[PDB]
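To keep things clear, I will list the structure first and then write my remarks on it.
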Amino acid sequence: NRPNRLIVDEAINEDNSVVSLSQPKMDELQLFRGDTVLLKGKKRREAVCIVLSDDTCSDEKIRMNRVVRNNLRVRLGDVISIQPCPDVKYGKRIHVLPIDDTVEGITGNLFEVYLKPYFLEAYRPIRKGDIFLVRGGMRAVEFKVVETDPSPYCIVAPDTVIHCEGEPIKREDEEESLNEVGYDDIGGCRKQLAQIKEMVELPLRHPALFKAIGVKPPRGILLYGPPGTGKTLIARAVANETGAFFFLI
Amino acid sequence: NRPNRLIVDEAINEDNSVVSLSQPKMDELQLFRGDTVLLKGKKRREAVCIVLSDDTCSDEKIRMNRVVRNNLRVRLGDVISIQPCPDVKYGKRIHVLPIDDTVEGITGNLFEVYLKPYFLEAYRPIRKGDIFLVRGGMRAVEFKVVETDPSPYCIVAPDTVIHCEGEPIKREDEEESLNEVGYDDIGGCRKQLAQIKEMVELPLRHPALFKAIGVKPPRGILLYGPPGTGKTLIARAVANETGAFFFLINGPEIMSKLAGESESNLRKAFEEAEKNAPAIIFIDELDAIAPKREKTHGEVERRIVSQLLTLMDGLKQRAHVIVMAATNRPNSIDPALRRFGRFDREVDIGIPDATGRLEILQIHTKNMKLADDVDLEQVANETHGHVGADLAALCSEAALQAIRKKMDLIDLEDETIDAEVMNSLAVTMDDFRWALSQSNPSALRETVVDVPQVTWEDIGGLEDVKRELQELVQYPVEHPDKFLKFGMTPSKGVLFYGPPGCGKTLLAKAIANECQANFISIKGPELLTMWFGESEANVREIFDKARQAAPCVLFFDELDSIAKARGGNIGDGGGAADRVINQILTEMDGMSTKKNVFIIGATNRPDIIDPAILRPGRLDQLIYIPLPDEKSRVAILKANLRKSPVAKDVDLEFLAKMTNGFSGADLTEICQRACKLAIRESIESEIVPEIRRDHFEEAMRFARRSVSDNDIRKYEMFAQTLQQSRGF
Ligand SMILES: Nc1ncnc2c1ncn2[C@@H]1O[C@H](COP(=O)(O)OP(=O)(O)OP(O)(O)=S)[C@@H](O)[C@H]1O
Ligand SMILES: Nc1ncnc2c1ncn2[C@@H]1O[C@H](COP(=O)(O)OP(=O)(O)OP(O)(O)=S)[C@@H](O)[C@H]1O
Ligand SMILES: Nc1ncnc2c1ncn2[C@@H]1O[C@H](COP(=O)(O)OP(=O)(O)OP(O)(O)=S)[C@@H](O)[C@H]1O
Ligand SMILES: [Mg+2]
Ligand SMILES: [Mg+2]
Ligand SMILES: [Mg+2]
């Protein structure tokens, strides 16, 4: 029923928004390697991205990047609604504005350092109200388009002009700070992260189901190891990747 | 007088309401196997059920299920009034309603999952206002009929229609919650439960009788055992199965209070217990509040201990108050508490055995749905160091693993899933295997007190020593009358000596198995490491533990390691007696003769064993186990090859005559090498499943002898002259 629902979990490609599917999926959804796809999430918001051909990922799973995970307001293990978009898009004007929480201490023409060698030779699609992360200059800033042609009808093209404004917009509470620690900020602990996920996220993400079943949830997880191994980092990441209230003692 | 009164005690049939009587009873009450009977209890209420034919239950007892025990408002040990009901009954309409305390979180048509595959092929009777328990969908809910034809006039029939209402009724205080812990919620502890019942329920159930007699009631029951063994569970069950007010005191909770406020809490708890009828005070984690006063820092803790001692000493027989305590560290308890008048009865809740842990697994999976390949007996056999908490965690992990593969069939978008899919989710044996794969047994280091599985069939030859061990162990425990007639006190000790790998450990385990007696194995290296902490009380605890397990056999294996700690009898000139061995001799001399504890020692270094071990009264039965001869080698090979698919052309007597100085371990090594060659052949052929003659020939080509001819001569010398030893 409804062969359009995808399970959301973290991707492995260390790049910008690029979704990865399994071998039967691009043939079942009649989309090729270099195709434009549309992501639809909760709270009546959309996302547009480019698929990637993968085989040794899983039987039925999409791969979801953290850059646009907050764009759809969806966390780990969520269900997403995909849709192929065989619509030709080209950008003419895209009024883009950074956020004055991560761009402080940076001056000059930020385009030629951050946006210019990030757009060309990529051909990425941009939707209305997209928060995409750009790394460079020994720091990372997220960026926000605020005004363009009707959504999305936009891909990265050399024929797209841009203009700076010099007044970055503030960050509202509707979105989560990408500067916070996530699952992608932990390296070298994937088995431990897998165990923590299996023991933590299912009861937290589905509290009503776990209350209905009446089965014992593991509530005494104890991390241990040598100092500086990321125990606090892992705990904060698990807190952030789930919609659970976090109290620190 | 009145041959209609029945004593009420818990049943053994793991089903719905089915009463079980003794052989003379159904003939005396003219009722057959498939007959309808009527149960009449107190407070003017009745119950209807179906009898069961039983013979090996007791002389005069009924068996009463917990489902309908609360239906009659009768507890354990009560007297019930039975009546046969040869009245034909058939249900037409039965308005049934659940209770909204256990059905929350369940939606959909609960009939087709819970009531439909529970009614048919059963033909059970239903009475007015019956609370019957139905398990399924990884949870248990009780159910209540509220309206039907005049009572009871109802049995389960396919012609009975039903209709849902969607509004479950609330639970009143007239009945007890079946979700609470009862006697049936504890597995693997029946002897301990029997002792607790005998020591607790008679004074509590009959306080007036115990006050009239003027005899001392045991008021200091102290439960102890490894953590997670169900001490709290047992205490709560005993509280629930008797009509005694239960006051719970938590160690850490009391200790967390401010100074001068915890004493107020203890005094208030004792006052409440004394005021409110017969009562039980349970102090969970007693070592938290009352450690050894020699090892404690603050004076507030000592005030707490003194207050507890005063409150315990202030207990009168008229108070009808029983104080129970649980601690996983009984030796950390202040010794003043364990004296007479405060805590005299001590009950050891030990690690469950294979049967006990199988019972625990059944108790924890009875709510879950198991696939047809689920072998709970195999799971119990594969779990060794697990305790009740470990098995509960294993079952929960298996259920979670089953759910984790069902996240798509279950709409995770939906708030509260319905039971028509929850029951469809079944826990496979693969899920149990996965859960067992990653599990940490807590009681791995604990000493095992159990009947070993190895029997005489696992031992080849050695018939004479088998007969001698039978005469030494079975006869004093089976026919004491002959021994007291002829006036000889049985010998309490046996020492096994001989070449290594000839079956000294197997003999002790097999003689433990045949007598069906508890077996405790203490190895020499274990003693040497457990004494290195200068803990003289541990080897005393070993003998104490053996004392409570009587009839028990205490086996000290690898005494050579103990004797090699200081070199031996001659060595460089000093003696090998050190550390444990002196305390072991002291314990052997200080053990009661009438106790059925038997001590067996084994060593393959008879030269260096200290003489004091061999003194009469400690270990005077010197049994020498030699290397197997021709026929014993055939027997050993046959015993070792029982579990392997040996081909017909394999000539075992040929192998026996081709091996002369080989011991049992050497023959086992030969069999293992032949099996490993067969495994290699199978692996190579994969890129047949019968071990052949050629494999045995190739294994015999590389077979090695682990006992020298000079060693054989020396053992023969010690086989004849070892009683001498002591003296020079
Ligand atoms: N596995 C890791 N992956 C990425 N960064 C890591 C990892 N482990 C440590 N770090 C970095 O090192 C910092 C220190 O790690 P912490 O989690 O704060 O130390 P810790 O694990 O709490 O151990 P303590 O606090 O000294 S006992 C983190 O904030 C990260 O920046
Ligand atoms: N013999 C048993 N039969 C059935 N369930 C058991 C048994 N032993 C333990 N359990 C289960 O394991 C849980 C933990 O047991 P508890 O009695 O709470 O532990 P404990 O005996 O108090 O030992 P502590 O508190 O760690 S010192 C119980 O609530 C049961 O669910
Ligand atoms: N009579 C026997 N019948 C069958 N197998 C035997 C026999 N004697 C020894 N074995 C094998 O040898 C192994 C060791 O048995 P043990 O009773 O431990 O021998 P032991 O005399 O105690 O000497 P060690 O030091 O323990 S090897 C057993 O597990 C069997 O595989
Ligand atoms: Mg830390
Ligand atoms: Mg407890
Ligand atoms: Mg041995």
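Just so you know, the sequences run in chain order B and C.
So the mapping is simple: the entry's author numbering equals the position in the first sequence, first residue as 1, plus 20.
Just so you know, the second sequence maps onto residues 21 to 707, 728 to 768 in the entry's author numbering.
Idealized CB from N, CA, C, for every residue including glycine.
Chain-ordered chain B contacts of residue i [CB-CB under 7 Å]
i: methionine 332 (chain C); result: Ordered by position in chain B, no residue passes the 7 Å Cβ test against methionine 332 (chain C), which lies about 33 Å from the chain.
i: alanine 419 (chain C); result: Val235
i: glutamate 433 (chain C); result: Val99
i: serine 416 (chain C); result: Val235 and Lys236
Integer-rounded CB distance, given that residue j should sit under 8 Å from residue i
i: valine 399 (chain C); j: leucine 381 (chain C); result: 6 Å
i: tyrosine 138 (chain B); j: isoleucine 175 (chain B); result: Rounded, the Cβ-Cβ distance is 14 Å, inconsistent with contact.
i: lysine 112 (chain B); j: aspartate 169 (chain B); result: 6 Å
i: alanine 31 (chain C); j: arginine 95 (chain C); result: Incorrect: roughly 14 Å between the Cβ atoms, too far for contact.
i: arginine 313 (chain C); j: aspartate 354 (chain C); result: 6 Å
i: residue 17 (chain C); j: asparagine 90 (chain C); result: Chain C is shown only over 21 to 768; residue 17 (chain C) falls outside these bounds and no answer can be derived.
i: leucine 634 (chain C); j: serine 765 (chain C); result: 6 Å
i: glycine 521 (chain C); j: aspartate 630 (chain C); result: Not a contact, Cβ separation roughly 23 Å.
i: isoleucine 656 (chain C); j: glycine 684 (chain C); result: 5 Å
i: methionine 442 (chain C); j: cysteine 415 (chain C); result: Not a contact, Cβ separation roughly 16 Å.
i: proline 104 (chain B); j: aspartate 55 (chain B); result: 7 Å
i: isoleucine 182 (chain C); j: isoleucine 254 (chain C); result: Actually they do not touch by this definition, with Cβ atoms about 39 Å apart.
i: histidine 384 (chain C); j: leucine 357 (chain C); result: About 33 Å separates the two Cβ atoms, so there is no contact after all.
Amino acids of chain B, ordered along the chain, whose beta-carbon sits closer than 8 Å to that of residue i
i: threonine 436 (chain C); result: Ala228, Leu229 and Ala232
i: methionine 678 (chain C); result: Those within 8 Å of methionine 678 (chain C) in chain B number zero; the least Cβ separation is about 51 Å.
Residue span of the beta strand (DSSP E) that contains residue i, given as start and end
i: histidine 183 (chain C); result: No beta strand (DSSP E) holds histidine 183 (chain C); DSSP gives it neither H nor E.
i: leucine 390 (chain C); result: From DSSP, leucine 390 (chain C) is part of no beta strand (DSSP E); its letter is neither H nor E.
i: residue 710 (chain C); result: This structure gives no coordinates for residue 710 (chain C). The numbering of chain C moves from 707 immediately to 728.
i: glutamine 327 (chain C); result: Unbroken run through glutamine 327 (chain C) is the alpha helix (DSSP H), 319–333; no beta strand (DSSP E).
i: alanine 622 (chain C); result: 617–623
i: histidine 115 (chain B); result: 114–118
i: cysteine 69 (chain C); result: 66–73
i: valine 468 (chain C); result: Careful: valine 468 (chain C) lies outside any beta strand (DSSP E) and carries neither H nor E.
i: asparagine 270 (chain C); result: 265–270
i: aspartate 47 (chain C); result: Looking at the DSSP string, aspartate 47 (chain C) is not in any beta strand (DSSP E); the run it does join, the alpha helix (DSSP H), is 43–48.
Listed by chain order, chain C residues near residue i by CB distance under 9 Å
i: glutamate 30 (chain B); result: Here the premise fails: no neighbours, minimum Cβ distance about 17 Å.
Span of the alpha helix (DSSP H) around residue i
i: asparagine 750 (chain C); result: 749–760
i: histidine 735 (chain C); result: 733–741
i: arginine 653 (chain C); result: 650–660
i: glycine 408 (chain C); result: 408–424
i: residue 708 (chain C); result: It's not possible to place residue 708 (chain C) here, given that chain C moves directly from 707 to 728.
i: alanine 259 (chain B); result: 251–260
i: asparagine 538 (chain C); result: Element bounds for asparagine 538 (chain C): not the alpha helix (DSSP H) but the beta strand (DSSP E), 538–543.
Contacts of residue i in chain B (Cβ-Cβ under 9 Å)
i: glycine 125 (chain C); result: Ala228, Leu229, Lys231, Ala232, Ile233 and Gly234
i: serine 462 (chain C); result: Going along chain B, no residue has its Cβ under 9 Å from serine 462 (chain C), so there is no contact; the nearest lies around 14 Å.
i: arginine 424 (chain C); result: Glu218 and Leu222
i: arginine 159 (chain C); result: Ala232, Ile233, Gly234 and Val235
Any non-hydrogen atom of ligand 7 closer than 7 Å to residue i Cβ
i: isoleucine 353 (chain C); result: Annotation note on ligand 7: not contained in the displayed structure, which lists ligand 1, ligand 2, ligand 3, ligand 4, ligand 5 and ligand 6 as its ligands.
Can you confirm whether the segment 460–467 of chain C touches the segment 256–265 of chain B when touching is taken to mean that 3 or more C-beta pairs between the two stretches lie within less than 8 Å? no
- Using 8 Å as the Cβ pair cut-off and three pairs as the minimum, do the segment 222–236 of chain C and the segment 272–292 of chain C touch? no
For the segment 523–530 of chain C and the segment 601–618 of chain C, state whether three or more C-beta atom pairs, one from each stretch, are separated by less than 8 Å. no
| query | With a cut-off of 8 Å, do at least 3 Cβ pairs link the segment 192–204 of chain B to the segment 392–410 of chain C? | reply | no
Segment contact flag, the segment 237–250 of chain C with the segment 361–369 of chain C, C-beta cutoff 8 Å, min 3 pairs: yes
| Do the segment 528–548 of chain C and the segment 563–576 of chain C touch if we need at least three Cβ pairs shorter than 8 Å? | yes
Sufficient close CB pairs (3 or more, under 8 Å) joining the segment 375–394 of chain C to the segment 430–446 of chain C:
yes
Whether or not the segment 338–347 of chain C and the segment 292–305 of chain C are in contact is what I'm after, with contact meaning three or more pairs of Cβ atoms, one per stretch, closer than 8 Å; do they touch? yes
Taking one C-beta from the segment 688–696 of chain C and one from the segment 660–675 of chain C each time, how about it: are there three or more such pairs within less than 8 Å?
yes
Check: Taking one C-beta from the segment 152–160 of chain B and one from the segment 96–105 of chain B each time, how about it: are there three or more such pairs within less than 8 Å?
Finding: no
Checklist entry - Is the segment 215–222 of chain B in contact with the segment 176–188 of chain B, if contact means three or more CB pairs nearer than 8 Å? => result no
Exercise. Touching or not, the segment 49–67 of chain C and the segment 114–129 of chain C, by the rule of three or more beta carbon pairs under 8 Å?
Worked result: no
Taking contact to mean 3 or more Cβ pairs, one atom from each stretch, closer than 8 Å, check whether the segment 64–80 of chain B and the segment 35–42 of chain B are in contact. yes
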